[PDB]
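Student: Here is the sequence, then the experimental structure:
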Amino acid sequence: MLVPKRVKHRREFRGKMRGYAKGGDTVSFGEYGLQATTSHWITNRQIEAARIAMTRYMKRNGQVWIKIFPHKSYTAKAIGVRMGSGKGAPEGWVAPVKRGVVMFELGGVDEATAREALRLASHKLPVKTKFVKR
Amino acid sequence: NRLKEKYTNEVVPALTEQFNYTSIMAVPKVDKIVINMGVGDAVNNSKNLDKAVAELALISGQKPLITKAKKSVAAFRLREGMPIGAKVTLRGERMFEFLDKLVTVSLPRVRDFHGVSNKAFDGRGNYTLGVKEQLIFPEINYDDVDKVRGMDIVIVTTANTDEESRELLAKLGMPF
Amino acid sequence: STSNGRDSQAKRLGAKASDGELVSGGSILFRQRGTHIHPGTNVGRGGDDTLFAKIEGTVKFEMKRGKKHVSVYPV
Amino acid sequence: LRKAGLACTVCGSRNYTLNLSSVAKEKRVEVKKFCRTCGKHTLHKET
Amino acid sequence: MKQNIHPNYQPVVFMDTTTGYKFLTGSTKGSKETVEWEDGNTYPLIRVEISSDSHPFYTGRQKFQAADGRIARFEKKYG
Amino acid sequence: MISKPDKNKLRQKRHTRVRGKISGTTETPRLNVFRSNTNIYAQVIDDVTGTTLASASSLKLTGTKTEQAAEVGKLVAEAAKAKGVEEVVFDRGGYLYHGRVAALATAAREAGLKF
RNA sequence: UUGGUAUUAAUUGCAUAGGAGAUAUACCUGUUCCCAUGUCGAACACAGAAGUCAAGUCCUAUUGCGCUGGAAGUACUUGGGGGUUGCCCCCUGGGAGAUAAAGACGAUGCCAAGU
RNA sequence: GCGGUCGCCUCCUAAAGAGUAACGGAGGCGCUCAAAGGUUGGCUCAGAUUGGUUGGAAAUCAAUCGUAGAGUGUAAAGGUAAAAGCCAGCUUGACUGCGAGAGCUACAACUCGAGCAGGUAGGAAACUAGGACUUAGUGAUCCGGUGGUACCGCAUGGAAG
RNA sequence: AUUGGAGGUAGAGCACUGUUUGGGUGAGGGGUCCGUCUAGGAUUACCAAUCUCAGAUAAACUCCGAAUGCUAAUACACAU
């Protein structure tokens, strides 16, 4: 969805995925959060795809946030192409996940409301987050 | 000079009224002028500006030098270049060879509503000024003023006091 | 294509002795196309802008000038 | 562009080899150096 | 100073007569020339006899422009 | 508009520029190049134990017209010969070679020291 | 009270506040002399030191800021070992960064003089 | 197979000495400069803000702030203020003959180089100077030129070569 | 094995170069009307010109900075 508007290196490496959260490992500008107890390569369409559902349940609230920005120009290859002879096409944008990653900020949110579209994002994220307070 | 003496002895009261008393050797004091065409305009030939350098040798502060712009403007393609508008950068007792023009000749010649420039706030006790034409300085100006190519006039005190600078120039010659 | 079969030939950068050794007069100290360390007595900066000795002796390091240095202390 | 040598008065008719600006400047190169009897300079010339 | 100023200060044989208040030196105009008139290369009259108050913002305060302003645009008994 | 930046810091600035062309302090100590507004010092300095120093200058240990004197410190220059260091390091500092620098400089060159 | 010189290197510099000018330094006076200037006593230089602590300076005080500064614990990890492994856990030895309790408005010599 | 590539310099990939894998990433260079080189002597940038006739976002100016947030002839890297940055004078050391000592490593190569001599060139002297801030800017032998050449010169001299 | 150096890797935080979440901060650029001597004062609107505060973010970020290893000397052990 939302794209880093300027990039000095349009290809990256695949990176790594080790251990524990780096920073932003607590809830900063929300009341509620969802700890990523796992680690994957979450895709921007999947994230905002959760976020309109978060508008659907979470109808009239303000500063309810996701935390990350998708930083990674993730790149796949095609059908029948052999191994190498160049590197392929930047299909889109992804952010990394670590274990212990807080991802969500929630403001103006009730406790009973504070599990629901969140609980849909349990079905809209490929990671195992859970409910977190401050 | 003449305004050395009437300067110091006429500011000995304004010493006490304004900021510092008892700093009797070092009170606020003027510094210099700079007098420049600064027109830009060099891209046509630069030679008409090289008669503005004879306009600055004509007003005759000192040797009419010129400056090079740091970057050469794409909207003006001038390729940095030394002719841009003239430079003096005149100071001291030569200023005191220059101010009686300013207070009893120059703007009292051009008669343009006592030349109010209260906008000239340079932050710290300095004061800008400009001019469009100069029919100033008799028997020097005429027969080449078919267009005065301009000049700018910036006075500067040693003091950082803007209003005491207003009382320092406007002490003598020019109200604003 | 890639335009990336364009190649760089790496070469040896770094230290030679680095620790107080009785390094020969006029012998190589530290290869530098770019100076991290900075010279001293009995030490020349090269045409290759390395550090090269002039007189034997211990070649320990010094934090002069808030900066990294090599002279050669004799004996 | 740029290719020249350097002669002298005798020097075996040629002493140095340099090209400095044979298309930009295009006047003359005049360089005093040492001859085969170095220990004294002479003023030196161009091919 | 430069040495041997090939720029100006050149002496036109004239006078910076009264209330420009200058005489003649290696000098060319205005506020520069000298301070005396009691020997007189030429004599001090040719420019002007009235001072910086020759500026008509203050010439006996220069209220000779008055009267103007309130007869603009009507103090009259016509119509 | 402020003032002139101070000559002492600018001549220790240029002095720090020049000093690397100068040093060799042990076994050839340095006689200074100084100026006051008034009158200039005299000192020969190896590594830190810069054995002798004197005024030869306007603070109460002076020649009379030390400005363009011969004795702008030639006494202390001969005192370098009283040490036994006589063709040694002489400074320049943040200084022209032309001014009153040249008085003590060329006068020490008359006093049997070098440059 | 200085001034000069090194060394330590931003615990050392800044900012604020006060003092000191008479030892001195400094500010400065003029352009004459040498030297002056892409111009100009600006700068530099020469000559004097009128006036002067206004500024620089130097001293003192302040943690306002920068500077320095750990920890305990902890990331990471040798070697070894185990388990579902794009992995994780455990033993032992190492051990950060961040923090961070705190220091900090320098300190040490080297010369002429109100010392 | 097509395509591309086949040389050399720079950074990652390089795994905290080096070493470096792929049709891996990123760039290039296949030069200029008798002055952008040497030397001496000075200077500090870019940019921000104010204020000023032509006026612009910058022409210019002045002021204030300003560790380089510029520049460094030429991409990138490192380095860079005692400046390698910038400007003036001298200036032709971008000398000759070398070269201890080294480094790098199949070899060929390649990277330097203390110091000395012969005189030099600046610089008062000291001091510096065997290209450029360092690194692309370049290729093996032959063969034929160019000049010099105490060398040989086919019995003998010369000449040819 | 101890001492000596060197390396910036992992990690981290952001000290710079990059990207970026909020909150504050603001010309301006488009919505009344007075209104084209007459420009405008504007209304709110997107970024709010920076900067400020937290929040991050990286192979071609590093103010830092390992543990490992490499090298020098020494020690002890060996035999190369």
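Tutor: Perfect, thanks for sending it. Numbers count the residues shown, from 1 in each chain, chains lettered A, B, ... in the order given.
Student: Select the longest strand from the chain.
Tutor: Defaulting to chain A. Assignment by DSSP state E gives strand A:89-96 as the longest strand of chain A.
Student: um, chain F though
Tutor: strand F:42-45.
Student: Given that one, what are its sheet partners and their directions?
Tutor: strand F:30-31 (antiparallel), strand F:53-54 (antiparallel) (DSSP bridges).
Student: what's the spacing between the residue in chain F positioned nearest to chain E and RNA strand H?
Tutor: Closest to chain E within chain F is residue F:98: 16.3 Å, counting by C-beta to the nearest C-beta. (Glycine included, C-beta is placed from N, CA and C.) Residue F:98 sits 9 Å away from RNA strand H, going by C-beta to the nearest atom of the strand, to the nearest Å.
Student: Surely that residue is within a strand?
Tutor: No. Counting by DSSP: H, G, I helix; E, B strand; the rest coil, residue F:98 is not part of a strand but coil.
Student: Can you get me a residue count around it?
Tutor: By other C-beta atoms under 10 Å in any protein chain shown, the residues close to residue F:98 number 7.
Student: circling back: say whether RNA strand H is contacted by the longest strand of chain F.
Tutor: No. Using C-beta under 7 Å from any atom of the strand, we find that strand F:42-45 stays clear of RNA strand H, coming within 14.3 Å at best.
Student: Any part of that strand near RNA strand G?
Tutor: Yes. On the criterion C-beta under 7 Å from any atom of the strand, strand F:42-45 is in touch with RNA strand G at F:43, F:45.
Student: I would like the residues contacting that strand, please.
Tutor: With contact meaning C-beta atoms under 8 Å, 6 or more residues apart in numbering or on different chains, strand F:42-45 is reached by F:25, F:29-32, F:34, F:50-57, F:73, F:75-77, F:80, F:83, F:85, F:88, F:104.
Student: go on, stretch B:84-94?
Tutor: Looking at what lies outside stretch B:84-94 - C-beta under 8 Å, 6+ apart - the contacts are B:1, B:31-42, B:49, B:52-53, B:55-56, B:61-69, B:78, B:98.
Student: so which of those residues are also by chain F?
Tutor: residue B:31 (C-beta under 8 Å from any C-beta of the partner chain).
Student: will you turn the strands paired with strand F:42-45 into CSV that also has mean neighbour count?
Tutor: CSV is the format used below for those (neighbours: other C-beta atoms under 10 Å in any protein chain shown):
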stretch, mean neighbour count
strand F:30-31, 23
strand F:53-54, 13
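Student: Can you lay out the ones you listed as JSON lines showing distance to residue B:125?
Tutor: JSON lines is the format used below for the strands paired with strand F:42-45 (distance: least, C-beta to C-beta, whole Å):
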{"stretch": "strand F:30-31", "distance to residue B:125": "44"}
{"stretch": "strand F:53-54", "distance to residue B:125": "43"}
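Student: Looking at the ones you listed, spot the one closest to residue A:123.
Tutor: strand F:30-31 (82.2 Å; C-beta to C-beta).
Student: Can you report how many residues lie near residue B:149?
Tutor: Residue B:149 has 19 nearby residues by other C-beta under 10 Å.
Student: Verify the stated contact: residue B:68 with residue B:81.
Tutor: Yes. Between residue B:68 and residue B:81 there is a contact under C-beta atoms under 8 Å: 6.3 Å.
Student: I'd like the strands paired with strand F:42-45 laid out as CSV, including distance to RNA strand H.
Tutor: Compiled in CSV, the strands paired with strand F:42-45 are given as follows (distance: least, C-beta to the nearest atom of the strand, whole Å):
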stretch, distance to RNA strand H
strand F:30-31, 10
strand F:53-54, 20
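Student: Just the buried subset of the contacts of strand F:42-45, please.
Tutor: Listed as buried from those are F:25, F:29-32, F:34, F:52, F:55-57, F:73, F:75-77, F:80, F:85, F:88, F:104; burial here means 16 or more other C-beta atoms under 10 Å in any protein chain shown.
Student: Among those, which lie within strands?
Tutor: In this view, those that belong to strands under DSSP E are F:30-31.
Student: RNA strand I next: which of the buried ones among the contacts of strand F:42-45 are close?
Tutor: When C-beta under 7 Å from any atom of the strand is applied, no member of the buried ones among the contacts of strand F:42-45 is adjacent to RNA strand I.
Student: In contact with the nearest residue to residue C:15 once chain neighbours are set aside: list those residues for me.
Tutor: The shortest distance from residue C:15 to any residue other than its chain neighbours is 5.7 Å, reached at residue C:30 (C-beta to C-beta, 6 or more residues apart in numbering or on different chains). By C-beta under 8 Å, 6+ apart, the contact list for residue C:30 reads C:14-16, C:18, C:37, C:50-51, C:70.
Student: Any chance of these in CSV with neighbour count as columns?
Tutor: Compiled in CSV, the contacts of residue C:30 are given as follows (neighbours: other C-beta under 10 Å):
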residue, neighbour count
C:14, 9
C:15, 10
C:16, 17
C:18, 15
C:37, 19
C:50, 18
C:51, 25
C:70, 21
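Student: Would stretch F:104-115 count as contacting RNA strand G?
Tutor: No. Using C-beta under 7 Å from any atom of the strand, stretch F:104-115 stays clear of RNA strand G, coming no nearer than 10.3 Å.
Student: So which bits of that stretch are buried?
Tutor: Across stretch F:104-115, burial judged by 16+ other C-beta under 10 Å covers F:104-105, F:107-108, F:111, F:113.
Student: just stretch B:116-124 next, same as before
Tutor: B:120, B:122.
Student: and the nearest residue to residue C:71 once chain neighbours are set aside, how many neighbours?
Tutor: Nearest in space to residue C:71, with sequence neighbours left out and distances taken as C-beta to C-beta, 6+ apart, is residue C:40 at 2.5 Å. Neighbourhood size, residue C:40 [other C-beta under 10 Å]: 17.
Student: Against RNA strand G, how distant is residue C:40?
Tutor: Plainly put, residue C:40 is 12 Å away from RNA strand G if you go by C-beta to the nearest atom of the strand.
Student: thinking again about what came up before, among the contacts of residue C:30, which are in reach of RNA strand G?
Tutor: Okay, of the contacts of residue C:30, nothing touches RNA strand G (C-beta under 7 Å from any atom of the strand).
Student: got those as CSV, with secondary structure and distance to RNA strand H columns?
Tutor: Formatted as CSV, these follow (DSSP: H, G, I helix; E, B strand; the rest coil; distance: C-beta to the nearest atom of the strand, whole Å):
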residue, secondary structure, distance to RNA strand H
C:14, strand, 3
C:15, strand, 6
C:16, coil, 6
C:18, coil, 9
C:37, coil, 10
C:50, coil, 5
C:51, strand, 9
C:70, strand, 14
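Student: and the longest helix that chain F contains, which residues are buried?
Tutor: Longest helix in chain F, counting residues (DSSP state H): helix F:7-18. Neighbour counts over helix F:7-18 (16+ other C-beta under 10 Å) mark F:11, F:15, F:18 as buried.
Student: need the helices for the chain, in chain order.
Tutor: I went with chain A, as the question did not name one. Under the criterion DSSP H, chain A contains helices at A:44-57, A:116-121.
Student: ah, no, chain F please
Tutor: Secondary structure of chain F (DSSP H): helices at F:7-18, F:74-83, F:101-110.
Student: Using CSV, write down the CA coordinates of the second one.
Tutor: Pointing back at helix F:74-83 there. C-alpha atoms of helix F:74-83 as CSV (Å, rounded to 0.1, in the frame of the first residue of the first chain):
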residue,chain,number,x,y,z
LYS,F,74,70.5,40.0,21.4
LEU,F,75,71.6,39.9,25.0
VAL,F,76,69.5,36.8,25.4
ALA,F,77,70.8,35.6,22.0
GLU,F,78,74.3,35.9,23.5
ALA,F,79,73.0,34.1,26.5
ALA,F,80,72.3,31.2,24.2
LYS,F,81,76.0,31.2,23.6
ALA,F,82,76.3,31.3,27.4
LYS,F,83,74.4,28.0,27.4
